[PDB]
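What follows draws every value from the coordinates through simple rules; no lab data is involved. Using ideal geometry, Cβ is built from the backbone for each residue, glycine included, and neighbour counts are taken over all protein chains shown.
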Amino acid sequence: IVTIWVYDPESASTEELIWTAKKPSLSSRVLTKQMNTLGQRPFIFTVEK
Amino acid sequence: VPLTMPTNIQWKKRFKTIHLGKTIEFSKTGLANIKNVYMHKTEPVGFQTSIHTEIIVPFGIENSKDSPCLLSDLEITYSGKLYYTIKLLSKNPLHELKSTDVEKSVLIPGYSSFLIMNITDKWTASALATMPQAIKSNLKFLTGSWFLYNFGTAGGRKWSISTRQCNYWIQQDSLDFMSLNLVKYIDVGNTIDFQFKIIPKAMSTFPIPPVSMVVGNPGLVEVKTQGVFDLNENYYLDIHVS
Amino acid sequence: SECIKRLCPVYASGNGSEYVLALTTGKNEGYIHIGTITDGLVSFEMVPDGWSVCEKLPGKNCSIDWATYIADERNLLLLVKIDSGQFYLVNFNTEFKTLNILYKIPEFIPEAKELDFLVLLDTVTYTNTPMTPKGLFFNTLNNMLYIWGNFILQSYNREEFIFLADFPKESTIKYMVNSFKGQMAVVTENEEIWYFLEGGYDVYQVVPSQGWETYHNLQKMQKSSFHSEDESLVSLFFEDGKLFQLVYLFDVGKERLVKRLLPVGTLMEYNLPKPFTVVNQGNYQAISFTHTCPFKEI
Amino acid sequence: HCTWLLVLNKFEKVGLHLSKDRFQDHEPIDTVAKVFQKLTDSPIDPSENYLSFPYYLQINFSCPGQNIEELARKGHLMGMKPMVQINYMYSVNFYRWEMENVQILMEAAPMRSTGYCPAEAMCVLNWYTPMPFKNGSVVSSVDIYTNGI
Amino acid sequence: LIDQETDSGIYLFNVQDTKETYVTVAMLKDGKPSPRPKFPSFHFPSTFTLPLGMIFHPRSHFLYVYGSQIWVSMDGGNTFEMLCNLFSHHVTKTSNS
Amino acid sequence: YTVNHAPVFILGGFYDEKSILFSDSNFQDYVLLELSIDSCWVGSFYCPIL
Amino acid sequence: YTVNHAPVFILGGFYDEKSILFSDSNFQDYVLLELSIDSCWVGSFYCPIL
Ligand SMILES: *[C@@H]1O[C@H](CO)[C@@H](O[C@@H]2O[C@H](CO)[C@@H](O[C@@H]3O[C@H](CO)[C@@H](O)[C@H](O)[C@@H]3O)[C@H](O)[C@H]2NC(C)=O)[C@H](O)[C@H]1NC(C)=O
Ligand SMILES: *[C@@H]1O[C@H](CO)[C@@H](O[C@@H]2O[C@H](CO)[C@@H](O[C@@H]3O[C@H](CO)[C@@H](O)[C@H](O)[C@@H]3O)[C@H](O)[C@H]2NC(C)=O)[C@H](O)[C@H]1NC(C)=O
Ligand SMILES: *[C@@H]1O[C@H](CO)[C@@H](O)[C@H](O)[C@H]1NC(C)=O
Ligand SMILES: *[C@@H]1O[C@H](CO)[C@@H](O)[C@H](O)[C@H]1NC(C)=O
């Protein structure tokens, strides 16, 4: 099970910059809900098959 | 148009309708297509004529070797009655203002144009402003923000007005219609139709269709026309005649 | 019931009915009036119910600065000034009776030197110039809200709002008219308009400008009779994506009113303030000034 | 340069009235039977009955430097025909009406305005056009554009 | 001139001792032109000093009045437009194909 | 007015005159009007508008 | 009022206030009133009252 959110490298938290975060920060959460509002949805695609 | 000059010879310094459709070329470099002729005999002082043109070749500017005043800062203010005072902020004794720098135009992209006719000092000159109704202040500039143009008759006039090349191509695919002269017979009832393709070779008038058709006698013939546009502005037209 | 202080518009047309809003001062300050007309059959009512709106927010009294209606989902968005001068945007549902505070409009207008669009976070610095709303607006095609005044705000959701750095705080908004196609015109008390496209974010000045002056003189030697040196902007509005303006002229023998186009494409196409570059070609220098559009053709 | 010009007309005053008529009556009268029966050899059923709408559309076009009448005379002597296309916007109701959008495309007609006319054949001249209006709408966007010649 | 596209006759009148020049179009009755022109006649501006005639372009309906000035008319000749003015100069002859 | 469905137009806001500029079309033909509406003002206490 | 049959009495004529002195009896009990009715003024041409 994977949990994905959107973060901006210029205004992210320190833990997200070193891949140690488990919860998105305020800016990441607001930008993520803005992307859901404007309608952005991720999906995962396996390469070999 | 120079002031204090006789009325009967005003026409020698005036644009006329002959220039409609021609093109202007510069000796250095530059070629522009004339689109309109404007007459305003009162509102601008010293200027009564104008031509609205379109740039194809972006024209050549003055060098700094012949005119050493380019390497300085300009300051333009209102003179007393109707002139404009141009002052060079740099008092460098290499730049100055040469006496050959008369009948030259100084341009800043975004502001008015100024023609220099008098050099009252070695850093101060008098000028006339084309469209002086949008200054309302004293303007300052830098070394590399303004440019000079030499379109005057002094030392030899360096611009030409001449006709332009062919720019419209007619394509008629249907047989027995290529002939430049055509006579077609119609009886009662039967109709005759033809299609043409028009191809531009330069900038083309997208909104206005480029072929106007005229009828000698509208009382005996019925003419139904369709005209559509392509992606690259190729004009397809077709006429049915009955 | 009287003491009506303001009429407020409802642009939309839903439920086979048209809507208007009546705001009243003097008495019933915590209360407003909704007027619905069903095909010429008219009715009005007092929607905020038994409780004054001052029950569910701090302060003592409530003043309804501006209100708006949304026929879809049966909504009312209205901004209330409270007795300490604070402006709170509160939403209200007519199907179920809630009002909920949805924004606490912050004062002491911030700064953005280069932050052309600014998401209004909490950790934001503030400047001495205050904020002063005069109304809002709803663009219901993309379901978004505008806040005008001394500043513009927008959002698609109702969680955060975006501040635009270009529009100053030294000019107050007269009004704002809409294309309902993506074009915003914003008129100020300085009698200056600002044109904004919904796709971008920058707000482009129009009427005191290089392009406008070039257009004006071009019309003057075009010698038409729709342009005069003295004018009064009686009104302006939109129609099929084209900006019309009703302008009166005090010209001698031409003291007349007329409507004329304001083609903004040509108006900012004649904006000569732009980068320029000088190249050398054929041992002569030419201003082959740069191209800022990302493409060539569409 | 060259623009159009539209003023509505009271249909009893086709030629003698060139001024501005206002849209007042919204009832179409039945004064066409006596003229529709005058036809002999035309494919028209005598069983049915017709009835005209009130008001007419007047069209003429102006370019600076000349007079409107000479421009219209030139236009018809060339073959100018005003194409008019009217599109209708449905009223705000959907319970007692529909939202149906309909458009009518017509070509105008030439009309020698009645007067003393010292000239023989060509004289003051103005294009005229019918004016329909359907049941269930108010908003009528009329579009005028050239025939092509 | 006699034009067969519309069966009309075009007169280029100029009153002597007056700078008034005008063009009149008359209808042909049994091969004989009549008074009462089709449309009001076209009066030239007073700047036309001397007219020298007009010519129809062959196999077409383009009329050209030439003299001290040059006017081109399409249609029957009710409307004429400037194309060129010659001050103290007049065109002598015309060759066209 | 409504977004597109308004068959008329009304605009006032003059200096002191109870006149509008009601017109059909899009103010192509500005026909002025003087409203026959009396000029009324409410009274007091509950109300003030002065 | 009528000669004898008026069951009430009404009297105004103040300085500027739209107040009357409506009272029963013969003004034994002067109970002042503020009249609902607003304050209207007609417009022009036909009318003039200023
Ligand atoms: C071309 O069509 C237009 C549109 O109708 C015609 O213009 C109209 O002409 C009439 C003249 O009969 C104008 O009436 C005028 O009204 C004023 C004020 O009421 C009055 O003072 C005049 O004496 C005259 O009666 C009418 O206003 C005008 N339409 C507009 C919109 O101004 C025009 O006549 C047509 N062209 C020709 C050659 O007939
Ligand atoms: C609004 O809709 C109504 C209903 O369709 C329209 O009224 C109807 O219009 C038709 C034709 O215009 C009328 O038919 C005519 O009836 C007379 C008298 O019987 C007959 O002599 C004619 O030959 C023709 O058949 C019909 O009577 C009329 N109905 C009513 C109730 O008036 C109406 O025209 C629509 N509104 C508009 C502005 O078009
Ligand atoms: C200014 O121009 C006039 C006219 O060309 C000339 O006579 C005069 O000497 C000039 N003055 C200066 C200071 O250049
Ligand atoms: C009642 O409301 C008005 C309008 O907002 C306000 O000015 C006034 O201060 C309020 N009353 C009190 C006692 O605060």
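Filter segment B:209-242 down to the residues that are facing another protein chain (nearest Cβ under 7 Å) and either in contact with a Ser or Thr (Cβ under 8 Å, 6 or more places away or on another chain) or in a strand (DSSP E or B) (or both) and list them by number. Full working, then the answer.
From segment B:209-242, those facing another protein chain (nearest Cβ under 7 Å) are B:213-218, B:223, B:225, B:227; that's our starting set.
Answer for segment B:209-242, where residues must be facing another protein chain (nearest Cβ under 7 Å) and either in contact with a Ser or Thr (Cβ under 8 Å, 6 or more places away or on another chain) or in a strand (DSSP E or B) (or both): B:213, B:216, B:217, B:223, B:225, B:227.
Is it the case that residue D:89 is away from ligand 3 (no atom under 16 Å from the Cβ), assigned to a strand (DSSP E or B) and under 30 Å from residue E:42 (Cα atoms)?
Details: away from ligand 3 (no atom under 16 Å from the Cβ): yes; assigned to a strand (DSSP E or B): yes; under 30 Å from residue E:42 (Cα atoms): no.
Answer is no for this residue.
What number of residues within segment D:51-91 satisfy the criterion of being under 18 Å from the mean Cα position of the chain (by Cα) and closer than 30 Å to residue D:137 by Cα?
Count: 19.
Looking at this structure, is residue G:22 over 29 Å from residue F:37 (Cα atoms), of a type in the set (A, V, I, L, M, F, W, C) and part of a loop (DSSP other than H, G, I, E, B)?
Numbers: over 29 Å from residue F:37 (Cα atoms): yes; of a type in the set (A, V, I, L, M, F, W, C): yes; part of a loop (DSSP other than H, G, I, E, B): yes.
In short, yes.
Which one is nearest to the other protein chains (Cβ to nearest Cβ) among residues in segment E:43-97 that are among the hydroxyl-bearing types (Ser, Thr, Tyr) and under 29 Å from residue B:213 (Cβ atoms)? Reasoning before the result, please.
Within segment E:43-97, the first condition is being among the hydroxyl-bearing types (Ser, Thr, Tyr), and the residues that meet it are E:46-47, E:49, E:60, E:64, E:66, E:68, E:73, E:79, E:88, E:92, E:94-95, E:97.
If we keep only those that are under 29 Å from residue B:213 (Cβ atoms) as well, we get E:60, E:64, E:66, E:73, E:79, E:94-95, E:97.
Values: E:60: 7, E:64: 15, E:66: 16, E:73: 10, E:79: 5, E:94: 18, E:95: 18, E:97: 11 Å.
Checked segment E:43-97; the qualifying residue nearest to the other protein chains (Cβ to nearest Cβ) is E:79.
Looking only at segment D:38-58, filter to residues that are part of a loop (DSSP other than H, G, I, E, B) and of a type in the set (A, V, I, L, M); which one of those is farthest from ligand 4 (Cβ to nearest atom)?
Restricting attention to segment D:38-58, the residues satisfying the condition of being part of a loop (DSSP other than H, G, I, E, B) are D:38-55.
Remaining after also requiring of a type in the set (A, V, I, L, M): D:39, D:44, D:51.
Details: D:39: 76, D:44: 73, D:51: 61 Å.
Ranking the qualifying residues of segment D:38-58, first place goes to D:39.
Return the pairs, sorted by first residue and then second, in which the second residue is among the aliphatic types (A, V, I, L, M) and in a strand (DSSP E or B), the first residue lies in segment D:2-24 and is free of Cβ contacts under 8 Å to residues at least 24 places away in the same chain and away from ligand 4 (no atom under 16 Å from the Cβ), the beta carbons are less than 8 Å apart, and the residues are 6+ apart or on different chains.
Going by the 8 Å Cβ cut-off, the qualifying pairs are D:19/D:7; D:20/D:7; D:20/D:8; D:22/D:8.
Name every residue in segment G:26-43 that is without any contact (Cβ under 8 Å) to a residue 12 or more places away in the chain and loosely packed, with under 11 Cβ neighbours inside 10 Å, in order of residue number. Explain how you work it out, then say what you get.
In the first step, residues of segment G:26-43 are kept if they are without any contact (Cβ under 8 Å) to a residue 12 or more places away in the chain; the result is G:28-31, G:36, G:38, G:40-43.
Scanning segment G:26-43 gives G:28, G:29, G:31, G:36, G:40.
How many residues are among the small types (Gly, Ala, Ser), within 11 Å of another protein chain (Cβ to nearest Cβ) and over 24 Å from residue F:47 (Cβ atoms) when one looks only at chain G?
Taking chain G and keeping what is among the small types (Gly, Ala, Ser), we get G:6, G:12-13, G:19, G:23, G:25, G:36, G:39, G:43-44.
After this cut, where a residue has to be within 11 Å of another protein chain (Cβ to nearest Cβ) as well, the list is G:19, G:36, G:39, G:43-44.
With over 24 Å from residue F:47 (Cβ atoms) added as a condition, the list becomes G:44.
Count: 1.
How many of the residues making up segment B:109-126 are of a type outside the set (S, T, N, Q), surrounded by 14 or more Cβ atoms within 10 Å (Cβ to Cβ) and either within 17 Å of residue B:43 (Cα to Cα) or within 21 Å of the chain's Cα centre (by Cα) (or both)?
The qualifying residues number 4.
If you take the residues of segment B:117-132 that are more than 16 Å from residue B:80 (Cα to Cα) and within 14 Å of another protein chain (Cβ to nearest Cβ), which of them is farthest from ligand 2 (Cβ to nearest atom)?
B:130
Across segment D:59-86, which residue is surrounded by the fewest Cβ atoms within 10 Å (Cβ to Cβ) among those that are more than 14 Å from chain E (Cβ to nearest Cβ) and assigned to a loop (DSSP other than H, G, I, E, B)?
Out of the qualifying residues, it is D:81.
Please work out which residue is farthest from ligand 4 (Cβ to nearest atom), limiting yourself to segment D:121-149 and to residues that are within 14 Å of chain E (Cβ to nearest Cβ) and either part of a strand (DSSP E or B) or surrounded by 16 or more Cβ atoms within 10 Å (Cβ to Cβ) (or both).
First pass over segment D:121-149, keeping only residues within 14 Å of chain E (Cβ to nearest Cβ): D:121-125, D:149.
Retained after the next criterion (residues that are either part of a strand (DSSP E or B) or surrounded by 16 or more Cβ atoms within 10 Å (Cβ to Cβ) (or both)): D:122-125, D:149.
Numbers: D:122: 73, D:123: 71, D:124: 66, D:125: 67, D:149: 68 Å.
The qualifying residue farthest from ligand 4 (Cβ to nearest atom) is D:122.
Say whether the condition of being part of a loop (DSSP other than H, G, I, E, B) and touching a helix residue (DSSP H, G or I) at 6+ places or on another chain (Cβ under 8 Å) is met by at least one residue in segment B:29-45. Don't jump to the end; show me each part of the working.
Pass one, segment B:29-45, residues part of a loop (DSSP other than H, G, I, E, B): B:29-30, B:40-45.
When the remaining residues are screened for being touching a helix residue (DSSP H, G or I) at 6+ places or on another chain (Cβ under 8 Å), the result is B:40, B:43.
Yes - at least one qualifying residue is present in segment B:29-45.
Might you check whether a residue that is within 16 Å of ligand 4 (Cβ to nearest atom) and part of a loop (DSSP other than H, G, I, E, B) occurs anywhere in segment C:66-82? Before you say what the answer is, go through the steps one by one.
Step one: filter segment C:66-82 for residues within 16 Å of ligand 4 (Cβ to nearest atom), giving C:66-67, C:78-82.
So of that shortlist, the ones also part of a loop (DSSP other than H, G, I, E, B) come out as none.
Looking through segment C:66-82, none of the residues is within 16 Å of ligand 4 (Cβ to nearest atom) and part of a loop (DSSP other than H, G, I, E, B).
Mind listing whichever residues of segment B:46-57 are part of a loop (DSSP other than H, G, I, E, B) and crowded, with 16+ Cβ neighbours inside 10 Å? Working first, answer last.
Initially, segment B:46-57 is screened for residues part of a loop (DSSP other than H, G, I, E, B), giving B:46-48.
Correct list: B:47, B:48.
Given (1) touching a residue at least 40 places away in the same chain (Cβ under 8 Å); (2) more than 16 Å from ligand 3 (Cβ to nearest atom); (3) farther than 21 Å from residue C:214 by Cα, where does residue B:54 come up short, assuming only one miss?
That leaves (3) as the condition not met.
Being part of a loop (DSSP other than H, G, I, E, B) and either of a type in the set (A, V, I, L, M, F, W, C) or within 14 Å of chain C (Cβ to nearest Cβ) (or both): is that true of residue B:92 here?
no
For residue D:90, are the conditions met, namely being within 16 Å of ligand 2 (Cβ to nearest atom), surrounded by fewer than 19 Cβ atoms within 10 Å (Cβ to Cβ) and touching a residue at least 24 places away in the same chain (Cβ under 8 Å)? Full working, then the answer.
Working: within 16 Å of ligand 2 (Cβ to nearest atom): yes; surrounded by fewer than 19 Cβ atoms within 10 Å (Cβ to Cβ): yes; touching a residue at least 24 places away in the same chain (Cβ under 8 Å): yes.
So residue D:90 fits the description; yes.
Answer with yes or no whether residue D:47 is farther than 30 Å from residue C:18 by Cα and either within 16 Å of ligand 1 (Cβ to nearest atom) or under 22 Å from the mean Cα position of the chain (by Cα) (or both).
No: the conditions fail for residue D:47.
Can you name the residue in segment C:219-237 that is in contact (Cβ under 8 Å) with a residue 24 or more places away in the chain and surrounded by fewer than 17 Cβ atoms within 10 Å (Cβ to Cβ) and, of all such residues, is nearest to the other protein chains (Cβ to nearest Cβ)?
C:225
For residue C:255, which of the numbered conditions (1) out of contact with any strand residue (DSSP E or B) (no Cβ under 7 Å at 6 or more places or on another chain); (2) away from chain B (no Cβ under 14 Å); (3) surrounded by 10 or more Cβ atoms within 10 Å (Cβ to Cβ) fails to hold?
(1)
Any residue in segment C:59-82 that's within 14 Å of chain D (Cβ to nearest Cβ) and at negative phi: show its pairings with residues that are more than 16 Å from ligand 2 (Cβ to nearest atom) and in a loop (DSSP other than H, G, I, E, B) at Cβ separation under 8 Å, as long as the two are six or more apart or on different chains.
Partner pairs satisfying both residue conditions: C:71/C:10; C:71/C:12; C:71/C:13; C:71/C:15.
What's the number of the only condition in (1) away from ligand 3 (no atom under 16 Å from the Cβ); (2) surrounded by fewer than 18 Cβ atoms within 10 Å (Cβ to Cβ) that residue B:106 fails to meet?
Result: residue B:106 passes all but (2).
Say we look at segment C:266-295 and pick out the residues that are loosely packed, with under 13 Cβ neighbours inside 10 Å and away from chain B (no Cβ under 13 Å); which of these is nearest to residue F:30 (Cα to Cα)?
The extreme case among them is C:269.
Just give me the residues in segment B:58-89 being within 16 Å of residue B:144 (Cβ to Cβ) and part of a strand (DSSP E or B), in sequence order. Spell out the reasoning first.
Filtering segment B:58-89 down to residues within 16 Å of residue B:144 (Cβ to Cβ) leaves B:61-65, B:67-75, B:88-89.
Passing the criteria: B:61, B:74, B:75, B:88.
Return the only residue of F:23, F:44 being under 25 Å from residue C:11 (Cα atoms), of a type outside the set (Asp, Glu) and touching an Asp or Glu at 6+ places or on another chain (Cβ under 9 Å). Give the derivation first.
Numbers: F:44 fails: under 25 Å from residue C:11 (Cα atoms).
Checking each option against the conditions leaves just F:23.
From the set of residues in segment D:13-44 that are more than 16 Å from ligand 1 (Cβ to nearest atom) and among the charged types (D, E, K, R), which is nearest to the other protein chains (Cβ to nearest Cβ)?
Within segment D:13-44, the subset more than 16 Å from ligand 1 (Cβ to nearest atom) is D:24-44.
Going one step further and asking which of them are among the charged types (D, E, K, R), we end up with D:25, D:27, D:30, D:34, D:38, D:41.
On the way: D:25: 15, D:27: 17, D:30: 26, D:34: 30, D:38: 24, D:41: 17 Å.
So the residue we want is D:25.
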